[PDB]
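Comments concern the structure below.
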Amino acid sequence: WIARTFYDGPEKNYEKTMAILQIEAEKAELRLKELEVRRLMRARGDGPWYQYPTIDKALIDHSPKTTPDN
Amino acid sequence: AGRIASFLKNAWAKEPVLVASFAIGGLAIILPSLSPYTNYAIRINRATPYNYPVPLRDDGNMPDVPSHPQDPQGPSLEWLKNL
Ligand SMILES: CCCCCCCCCCCCCCCCC[C@@H](O)O[C@H](CO[C@H](O)CCCCCCCCCCCCCCC)COP(=O)(O)OCC[N+](C)(C)C
Ligand SMILES: CCCCCCCC/C=C\CCCCCCCC(=O)O[C@H](COC(=O)CCCCCCC/C=C/CCCCCCCC)COP(=O)(O)OCCN
């Protein structure tokens, strides 16, 4: 009576634990991947992150400048 | 109307310097927006050649660009002479 009224079967806890373990394992591998990606991006600078600003080339004046040799 | 005129009359007495200064300042602020010769002054400033006019590379498709200074093509400064 106690088992029927207050508790459930072992399969419920078993599968819940499996789902939780899978979720946490994916989270851990994602954290490692994010750390590695951050390290590589900061070391190289070829990714969208750590793109420090540079001088815009649209500000340059392309016209004769009173002197042929610029 | 009447109050403003009375205030102006009172200020014109015993305080002519401030009234004259304010009138001159207001005129100097307002008039240039109405004067038609400011465009003439801008044109004169733009028509003053400070740098050497660098020639363009002719490609056979430049009808508005003259080939010689005496050619009719190009801007004219006859209006400046007429002033
Ligand atoms: C002859 C009898 C001998 C044995 C006597 C046993 C006595 C048992 C009383 C002790 C109860 C406490 C154990 C569990 C309580 C909470 C556990 C909880 O999970 O159970 C809830 C149910 O518990 C009851 O609602 C609460 C128990 C309280 C009743 C005790 C009686 C005396 C209380 C005094 C009240 C005061 C009244 C006013 C006094 C003036 C809901 O369960 P649920 O999470 O959905 O489970 C889902 C699985 N399903 C689908 C199979 C159901
Ligand atoms: C919108 C244009 C703005 C730019 C123009 C102004 C250029 C600079 C002129 C102003 C310089 C500073 C002015 C500071 C004003 C202070 C006035 C003040 O406090 O003096 C009062 C008294 O001054 C006054 O009476 C109040 C202001 C006077 C009237 C000001 C002119 C208002 C507008 C008049 C002109 C309107 C437009 C022109 C109409 C004329 C017709 C063409 C106290 O006098 P005391 O020296 O302390 O003497 C005390 C001991 N007896």
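For the record, the sequence lines run as chains A and B. Following UniProt numbering, the numbering of the first sequence begins with 120 at its first residue and continues without gaps. Following UniProt numbering, the numbering of the second sequence begins with 2 at its first residue and continues without gaps. Where a beta carbon is used, it is the ideal one built from N, C-alpha and C, also for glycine.
Asked: Starting from the beta carbon of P183 of chain A, find every residue of chain B whose beta carbon is closer than 7 Å, and list them in chain order.; Found: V55
Asked: Would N52 of chain B count as contacting chain A if we go by Cβ distances under 8 Å?; Found: yes
Asked: Quick check on the DSSP output: what are the complete alpha helix (DSSP H) runs of length 4 or more inside the region 6-70 of chain B, in order along the chain?; Found: 17-31 and 38-47
Asked: In angstroms with no decimal places, state the Cα-to-Cα distance between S182 of chain A and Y51 of chain B.; Found: 15 Å
Asked: To the nearest angstrom, how far is it from the Cα of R47 of chain B to the Cα of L78 of chain B?; Found: 11 Å
Asked: Around ligand 2, what residues have a beta-carbon under 5 Å from a heavy atom of it, in chain order?; Found: B:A12, B:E16, B:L19, B:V20, B:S22, B:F23, B:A24, B:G26 and B:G27
Asked: Going by beta-carbon coordinates alone, are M160 of chain A and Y171 of chain A separated by less than 8 Å?; Found: no
Asked: With distances taken Cα to Cα, identify the nearest neighbour of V55 of chain B among A:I179, A:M137 and A:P187.; Found: A:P187
Asked: When the Cα of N83 of chain B is compared with those of B:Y41, B:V66, B:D65 and B:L32, which residue comes out closest?; Found: B:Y41
Asked: So, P67 of chain B versus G61 of chain B, is the Cβ gap smaller than 8 Å?; Found: no
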